[PDB]
Every structure is written in structure tokens, then in C-alpha cells.
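Asks: Have a look at this one before I ask anything.
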Amino acid sequence: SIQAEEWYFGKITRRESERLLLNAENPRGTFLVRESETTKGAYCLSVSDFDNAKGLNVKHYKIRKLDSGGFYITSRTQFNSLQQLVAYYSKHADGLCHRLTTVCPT
Ligand SMILES: *C(=O)c1cc(C[C@H](NC(C)=O)C(=O)N[C@H]2CCCCN(Cc3ccc(-c4ccccc4)cc3)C2=O)ccc1OP(=O)(O)O
């Protein structure tokens, strides 16, 4: 159950995800998964990042879920569950601004 996941914030807004992620104490990769405001059946993986050009900032990636069961950000790299996807991206940055590190604090 995704709702059982501590990183699953469910129905929170994009502005709220940014308010929570834009905390100076959050290292790069602080993240949360929420429902997308625009795409029904898709979620957003909101991630914090930091660099000297943009300072602390947030990126939002769309996570799709197929009826065929896979979950993915890029269709070329799919997972049997949202949990597996989070685990994979916690170990590989790939196209993300940073690999997922810890759950965002409220
Ligand atoms: C959630 O569904 C959500 C997310 C988005 C996508 C956002 N849009 C906005 C308005 O911020 C977006 O454009 N994000 C960027 C993130 C940075 C990288 C550029 N990009 C395309 C891209 C390229 C490569 C990969 C990738 C990742 C891992 C491995 C391989 C490749 C991912 C993404 C983006 O997509 C829009 C809306 C939205 O719902 P809301 O509730 O409105 O926020």
C-alpha cells in the first residue's frame, strides 16, 4: 500500500510540496510523492536540489502508472511498484536532479 508509505503525502498541492521542500535544512534529494493536481492517475515525485546557480530549489517529476501494472518516470525504465521505483531512484540519479535521499519533513 502506497498510502502506508511515509514518503507518500497523498493529496497535497504543488505549492505545499514546495513550501515543505524549500527548507534550508533539507539536503539534496529530500523528497515526497503526491497526487498530481493536473493528471488524473499520475503522481508527482517532488524533489529538493541545491546548486550554486539556483540555490535550493525543487523539481517535480511525473510518475505514470499503467493498467499493464508498471510505474515509471521514463517508459524505458519501469517498476512493478511505486516502492521499487523509489528504491531504484534512491540509488541512481539517472535523469533526476539528485538521487532520492530522505523523506521530506512536515
Ligand atoms: C507531477 O505529475 C507533476 C510534474 C510535472 C513535470 C514538471 N512540470 C513542472 C510544471 O514543473 C517538469 O517539467 N519537470 C521537469 C523536471 C526536470 C527535468 C526536466 N523534465 C523532463 C525530464 C527529463 C528526464 C527525466 C528522467 C528522470 C529519471 C530518469 C530518466 C529521465 C525526467 C523528466 C521535467 O519533466 C508537471 C505537473 C505535475 O503535476 P502538478 O501537480 O501540477 O505539479
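Simple scheme: letters A, B, ... for chains in C-alpha cells order, numbers from 1 for residues in each chain, numbers from 1 for ligands in the order shown.
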Please provide as a PyMOL selection string all residues within 10 Å of residue 37 of chain A, with the sequence filter that same-chain residues fewer than 5 positions apart are discarded (counting only C-alpha atoms).
Replies: chain A and resi 11-14+42-44
Asks: What would the file look like if the residues just selected were written as a CSV table (one decimal), in the first residue's frame with C-alpha atoms?
Replies:
chain,number,residue,atom,x,y,z
A,11,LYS,CA,-3.3,14.8,-1.8
A,12,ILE,CA,-1.1,17.8,-1.1
A,13,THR,CA,-0.6,20.7,-3.6
A,14,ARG,CA,2.4,21.5,-5.7
A,42,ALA,CA,-0.4,10.1,-12.3
A,43,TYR,CA,1.7,11.2,-9.2
A,44,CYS,CA,4.4,13.6,-8.8
Asks: Check every protein, DNA and RNA residue against ligand 1, keep those with an atom at most 6 Å away (counting only C-alpha atoms and all ligand atoms), and present them as a list in words.
Replies: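 My answer, listing the contacting residues, is residues 14, 36, 37, 38, 42, 43, 44, 59, 60, 61, 62, 63, 73, 74, 94, 95 and 96 of chain A.
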Asks: Considering only C-alpha atoms, tabulate each residue of segment 82-105 of chain A that lies at most 10 Å from segment 26-34 of chain A along with its nearest interatomic pair and the corresponding distance in Å to one decimal; arrange the rows by chain and ascending residue number and present them as JSON lines.
Replies:
{"residue": "A:82", "atom": "CA", "partner": "A:33", "partner_atom": "CA", "distance": 9.3}
{"residue": "A:86", "atom": "CA", "partner": "A:33", "partner_atom": "CA", "distance": 9.2}
{"residue": "A:89", "atom": "CA", "partner": "A:29", "partner_atom": "CA", "distance": 9.8}
{"residue": "A:90", "atom": "CA", "partner": "A:29", "partner_atom": "CA", "distance": 8.3}
{"residue": "A:93", "atom": "CA", "partner": "A:29", "partner_atom": "CA", "distance": 9.3}
{"residue": "A:96", "atom": "CA", "partner": "A:29", "partner_atom": "CA", "distance": 9.2}
{"residue": "A:97", "atom": "CA", "partner": "A:29", "partner_atom": "CA", "distance": 7.8}
{"residue": "A:98", "atom": "CA", "partner": "A:29", "partner_atom": "CA", "distance": 5.4}
{"residue": "A:99", "atom": "CA", "partner": "A:29", "partner_atom": "CA", "distance": 5.7}
{"residue": "A:100", "atom": "CA", "partner": "A:29", "partner_atom": "CA", "distance": 4.4}
{"residue": "A:101", "atom": "CA", "partner": "A:29", "partner_atom": "CA", "distance": 4.8}
{"residue": "A:102", "atom": "CA", "partner": "A:30", "partner_atom": "CA", "distance": 4.9}
{"residue": "A:103", "atom": "CA", "partner": "A:31", "partner_atom": "CA", "distance": 5.2}
{"residue": "A:104", "atom": "CA", "partner": "A:31", "partner_atom": "CA", "distance": 5.2}
{"residue": "A:105", "atom": "CA", "partner": "A:26", "partner_atom": "CA", "distance": 8.4}
Asks: How about saving the chosen residues, N, CA, C and O atoms kept, as a PDB file, in the first residue's frame?
Replies:
ATOM      1  N   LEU A  82       5.433   1.347  -6.917  1.00  0.00           N
ATOM      2  CA  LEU A  82       5.912   2.688  -6.646  1.00  0.00           C
ATOM      3  C   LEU A  82       7.085   2.578  -5.650  1.00  0.00           C
ATOM      4  O   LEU A  82       8.046   3.335  -5.700  1.00  0.00           O
ATOM      5  N   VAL A  86      10.908   4.031  -6.058  1.00  0.00           N
ATOM      6  CA  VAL A  86      11.575   4.918  -5.104  1.00  0.00           C
ATOM      7  C   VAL A  86      12.898   4.325  -4.692  1.00  0.00           C
ATOM      8  O   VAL A  86      13.927   5.010  -4.677  1.00  0.00           O
ATOM      9  N   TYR A  89      15.485   4.868  -7.643  1.00  0.00           N
ATOM     10  CA  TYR A  89      15.977   6.238  -7.723  1.00  0.00           C
ATOM     11  C   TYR A  89      16.710   6.735  -6.454  1.00  0.00           C
ATOM     12  O   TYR A  89      17.238   7.830  -6.455  1.00  0.00           O
ATOM     13  N   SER A  90      16.655   5.969  -5.366  1.00  0.00           N
ATOM     14  CA  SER A  90      17.397   6.360  -4.166  1.00  0.00           C
ATOM     15  C   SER A  90      18.850   5.941  -4.348  1.00  0.00           C
ATOM     16  O   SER A  90      19.724   6.415  -3.612  1.00  0.00           O
ATOM     17  N   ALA A  93      20.818   8.358  -9.792  1.00  0.00           N
ATOM     18  CA  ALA A  93      20.298   9.682 -10.102  1.00  0.00           C
ATOM     19  C   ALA A  93      19.643   9.625 -11.546  1.00  0.00           C
ATOM     20  O   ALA A  93      18.524  10.102 -11.736  1.00  0.00           O
ATOM     21  N   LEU A  96      17.246  12.432 -12.891  1.00  0.00           N
ATOM     22  CA  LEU A  96      16.756  13.260 -11.785  1.00  0.00           C
ATOM     23  C   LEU A  96      17.768  14.231 -11.367  1.00  0.00           C
ATOM     24  O   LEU A  96      18.961  13.977 -11.538  1.00  0.00           O
ATOM     25  N   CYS A  97      17.333  15.322 -10.729  1.00  0.00           N
ATOM     26  CA  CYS A  97      18.260  16.368 -10.239  1.00  0.00           C
ATOM     27  C   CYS A  97      19.288  15.792  -9.133  1.00  0.00           C
ATOM     28  O   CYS A  97      20.393  16.323  -8.949  1.00  0.00           O
ATOM     29  N   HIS A  98      18.911  14.682  -8.502  1.00  0.00           N
ATOM     30  CA  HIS A  98      19.749  14.032  -7.489  1.00  0.00           C
ATOM     31  C   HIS A  98      19.053  12.735  -7.135  1.00  0.00           C
ATOM     32  O   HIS A  98      17.842  12.592  -7.365  1.00  0.00           O
ATOM     33  N   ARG A  99      19.817  11.752  -6.656  1.00  0.00           N
ATOM     34  CA  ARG A  99      19.208  10.505  -6.210  1.00  0.00           C
ATOM     35  C   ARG A  99      18.321  10.870  -4.922  1.00  0.00           C
ATOM     36  O   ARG A  99      18.628  11.847  -4.225  1.00  0.00           O
ATOM     37  N   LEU A 100      17.230  10.136  -4.724  1.00  0.00           N
ATOM     38  CA  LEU A 100      16.333  10.342  -3.576  1.00  0.00           C
ATOM     39  C   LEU A 100      17.160   9.968  -2.305  1.00  0.00           C
ATOM     40  O   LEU A 100      17.859   8.937  -2.284  1.00  0.00           O
ATOM     41  N   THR A 101      17.128  10.855  -1.307  1.00  0.00           N
ATOM     42  CA  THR A 101      17.857  10.623  -0.064  1.00  0.00           C
ATOM     43  C   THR A 101      16.823  10.355   1.121  1.00  0.00           C
ATOM     44  O   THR A 101      16.504   9.191   1.397  1.00  0.00           O
ATOM     45  N   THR A 102      16.256  11.400   1.723  1.00  0.00           N
ATOM     46  CA  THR A 102      15.281  11.182   2.796  1.00  0.00           C
ATOM     47  C   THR A 102      13.968  11.858   2.596  1.00  0.00           C
ATOM     48  O   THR A 102      13.868  12.862   1.880  1.00  0.00           O
ATOM     49  N   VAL A 103      12.955  11.332   3.284  1.00  0.00           N
ATOM     50  CA  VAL A 103      11.606  11.854   3.212  1.00  0.00           C
ATOM     51  C   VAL A 103      11.539  13.224   3.729  1.00  0.00           C
ATOM     52  O   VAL A 103      12.224  13.586   4.688  1.00  0.00           O
ATOM     53  N   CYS A 104      10.753  14.045   3.060  1.00  0.00           N
ATOM     54  CA  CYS A 104      10.594  15.426   3.444  1.00  0.00           C
ATOM     55  C   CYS A 104       9.864  15.524   4.761  1.00  0.00           C
ATOM     56  O   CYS A 104       8.966  14.753   5.041  1.00  0.00           O
ATOM     57  N   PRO A 105      10.328  16.416   5.628  1.00  0.00           N
ATOM     58  CA  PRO A 105       9.721  16.657   6.937  1.00  0.00           C
ATOM     59  C   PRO A 105       8.518  17.606   6.755  1.00  0.00           C
ATOM     60  O   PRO A 105       8.503  18.409   5.824  1.00  0.00           O
TER      61      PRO A 105
END
Asks: Once DSSP has gone over the backbone, tell me which residues of chain A are in alpha helix (DSSP H), as a ChimeraX atom specification.
Replies: /A:14-21,82-91
Asks: Can you write out the residues you just picked, keeping N, CA and C atoms, as a short mmCIF file (atom, residue, chain, number, x, y, z; two decimals), in the first residue's frame?
Replies:
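Listing of part37.cif after writing:
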data_model
loop_
_atom_site.label_atom_id
_atom_site.label_comp_id
_atom_site.auth_asym_id
_atom_site.auth_seq_id
_atom_site.Cartn_x
_atom_site.Cartn_y
_atom_site.Cartn_z
N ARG A 14 1.03 21.26 -5.18
CA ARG A 14 2.37 21.50 -5.66
C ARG A 14 3.01 22.66 -4.83
N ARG A 15 2.23 23.71 -4.56
CA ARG A 15 2.75 24.85 -3.79
C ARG A 15 3.16 24.36 -2.35
N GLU A 16 2.32 23.53 -1.76
CA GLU A 16 2.58 22.97 -0.43
C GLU A 16 3.90 22.07 -0.48
N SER A 17 4.00 21.20 -1.48
CA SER A 17 5.19 20.39 -1.62
C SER A 17 6.44 21.30 -1.67
N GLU A 18 6.35 22.42 -2.40
CA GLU A 18 7.46 23.35 -2.47
C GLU A 18 7.72 24.05 -1.14
N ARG A 19 6.66 24.39 -0.43
CA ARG A 19 6.83 25.06 0.86
C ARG A 19 7.66 24.06 1.81
N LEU A 20 7.24 22.81 1.85
CA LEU A 20 7.89 21.78 2.64
C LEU A 20 9.30 21.48 2.17
N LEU A 21 9.54 21.46 0.86
CA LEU A 21 10.87 21.15 0.34
C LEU A 21 11.87 22.26 0.40
N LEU A 82 5.43 1.35 -6.92
CA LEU A 82 5.91 2.69 -6.65
C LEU A 82 7.08 2.58 -5.65
N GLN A 83 7.01 1.58 -4.77
CA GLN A 83 8.07 1.36 -3.79
C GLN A 83 9.40 1.00 -4.48
N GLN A 84 9.32 0.10 -5.46
CA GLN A 84 10.51 -0.31 -6.22
C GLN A 84 11.09 0.85 -6.96
N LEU A 85 10.22 1.69 -7.52
CA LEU A 85 10.69 2.88 -8.22
C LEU A 85 11.46 3.80 -7.25
N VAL A 86 10.91 4.03 -6.06
CA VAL A 86 11.57 4.92 -5.10
C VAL A 86 12.90 4.32 -4.69
N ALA A 87 12.92 3.01 -4.51
CA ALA A 87 14.18 2.38 -4.13
C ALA A 87 15.20 2.54 -5.20
N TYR A 88 14.81 2.33 -6.46
CA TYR A 88 15.74 2.46 -7.58
C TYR A 88 16.34 3.85 -7.68
N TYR A 89 15.48 4.87 -7.64
CA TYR A 89 15.98 6.24 -7.72
C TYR A 89 16.71 6.74 -6.45
N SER A 90 16.66 5.97 -5.37
CA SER A 90 17.40 6.36 -4.17
C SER A 90 18.85 5.94 -4.35
N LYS A 91 19.09 5.05 -5.33
CA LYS A 91 20.42 4.53 -5.66
C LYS A 91 20.97 5.06 -7.00
#
Asks: Could you pull out the strand (DSSP E) residues of chain A, going by DSSP on the backbone, and write them as a PyMOL selection string?
Replies: chain A and resi 8-10+31-35+43-51+55-65+71-72+78-79
Asks: Neighbours of residue 58 of chain A within 6 Å (only C-alpha atoms; same-chain residues fewer than 2 positions away dropped), as a PyMOL selection string?
Replies: chain A and resi 47-49
